[PDB]
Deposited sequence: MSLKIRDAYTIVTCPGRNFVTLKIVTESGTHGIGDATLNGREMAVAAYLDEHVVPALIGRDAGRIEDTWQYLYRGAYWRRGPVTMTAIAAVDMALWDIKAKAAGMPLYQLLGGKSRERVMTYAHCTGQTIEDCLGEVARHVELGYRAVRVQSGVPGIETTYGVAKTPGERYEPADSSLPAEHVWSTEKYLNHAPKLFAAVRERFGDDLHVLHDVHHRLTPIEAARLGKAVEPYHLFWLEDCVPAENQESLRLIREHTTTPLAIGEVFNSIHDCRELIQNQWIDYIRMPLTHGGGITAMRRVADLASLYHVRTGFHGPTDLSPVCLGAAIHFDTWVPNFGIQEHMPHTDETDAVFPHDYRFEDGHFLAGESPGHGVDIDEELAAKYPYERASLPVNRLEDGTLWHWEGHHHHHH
C-alpha cells in the first residue's frame, strides 16, 4: 500500500497542534502528532517542504526503513524539530499498520502487559495550603499519584528550604500511600539537587524530576551518589544518545522522553528496552502541548511496555478532544487503551478548520 498523499494540519482548539496525515492508495490513512510547543511552524515547514514530498510513492508498511531513511536526511542528527517530524511520520505509519492488522496498536507491539495505566495529576498552588487543596480534589477523582508544586514565600536558597515543608505537609495531611512527585525545573546545580534529594528522603517521593540541566549526562552523578530519592529526567530529550550514559550508569529511575519529541514508537521502543536492562522505567512526559494523537499512542505503548513506570496526565480542553476523537478512556485515575484498530485516534478535519493557527 503506497503513500498517495500526506499533509500537515494545523489547528488551535485551545492551543496550537500540528498533525501529519498519511493516506495510502488503498484509502487507509494514519496520523501522527508533530506539535513542538513554541516552534510549531518550524516542524510544519520541515514536514511540508521536505518530508512530505519524499513520502509520496513509498511503501507505508516499511516503518523501520522510513524511520532510518528520514534520519539519514537529517544528516544523522538529533534535534527537537528533526525528531518531532520523524515521530509524526512514525506514529502515522504505525497507525496505518495496526489498522491494516485489524488490531489496536498495543496488540501490534506485543500485547497487553497490564489492564490499565497508572497516571498522576498536577497539583499546584500559590501556597502549600492551596496545593493541598488540589491534591485533595484530585485524589477524589481517583488519582493514586500527584505532582505537587507551590509558591515559595519570598532564590535558590528559599526554594531549597521551602520544598521540604511542602512534602512534609502533604504527608501529614494525606498519609504514606499516595505517590508524590515533584519537578525542580532544572533550577539547581548537582550538589544543590543532591542536598534537596537528601532533605526530602523522609517523605519518600515517587520521583524528583529535571533536577539539573542535563546536556552533560555526568551532571546526575553527584545527585545519585548522595541521595536515595528516585530521579526522573528527559522530558526534553530527542535521542537515545541523550540518555544512554544516564541509563547504563544507573543514574536515573525514570526516563521522561515522550513519543513525539523522541522519534516515535520505533525509537522509544529501543529506549525502553535499554532502560529495562538497568531497572529504569517509563515516565512519559504528557503536557497539553502533546496532542491526543500522542496520548493515544502513548497509552498503547504504556499498556504493552514491560518496564512501565507512570503516565503524566494534563487533560486537554473539550475542543481539543472534539477535534481529535479517540477511544482511550480515563477511569479512576488510570487510562484504558482503546480497542479500535490503529492507535485509536483520528482528526476531524472540518472541525479542525474552525480553529486556525494562532
What are the missing stretches of the deposited sequence, listed from start to end? 1-2, 157-184, 389-413
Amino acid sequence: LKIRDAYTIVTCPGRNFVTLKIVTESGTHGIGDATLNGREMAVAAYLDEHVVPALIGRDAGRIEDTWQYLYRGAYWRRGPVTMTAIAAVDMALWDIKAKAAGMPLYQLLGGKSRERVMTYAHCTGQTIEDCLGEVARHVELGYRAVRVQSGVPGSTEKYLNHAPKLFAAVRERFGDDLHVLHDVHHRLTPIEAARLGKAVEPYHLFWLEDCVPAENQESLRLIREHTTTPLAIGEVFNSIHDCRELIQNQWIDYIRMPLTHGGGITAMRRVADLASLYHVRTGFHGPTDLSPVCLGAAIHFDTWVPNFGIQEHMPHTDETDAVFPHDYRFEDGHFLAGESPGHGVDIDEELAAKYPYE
From here on, numbers count along this sequence of modelled residues.
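Basically, rigid core = biggest C-alpha set you can superpose within 1.5 Å across the two forms.
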Comparing 199-207 with 73-81, larger root-mean-square C-alpha distance from this form in 7 other deposited structures of this protein, core superposed, belongs to 73-81
Of the stretches 155-163 and 215-223, which sits farther from where it is here in 7 other deposited structures of this protein, on average over its Cα atoms, after fitting the core? 155-163
With respect to the recorded C-alpha B factors, which stretch has the higher mean value, 108-116 or 219-227? 108-116
Would you tell me which stretch averages the higher CA B-factor in the PDB entry, 305-313 or 327-335? 327-335
Entry record, C-alpha B-factors for 284, 206, 76, 94; the maximum is at 76
Compare the CA B factors listed in the entry for 263, 102, 80, 190 and report the winner. 80
Residue 138 CA temperature factor, ranked by third within the chain: highest
Chain thirds of CA B-factor: placement of residue 39: highest
Of the three thirds of the chain ranked by Cα temperature factor, residue 153 occupies the highest
Lowest, middle or highest third: which one holds residue 54 when the chain's residues are ordered by CA B-factor from the entry? highest
For residue 72, return the chain-relative third of its C-alpha B-factor as stated in the PDB record: lowest, middle or highest. highest
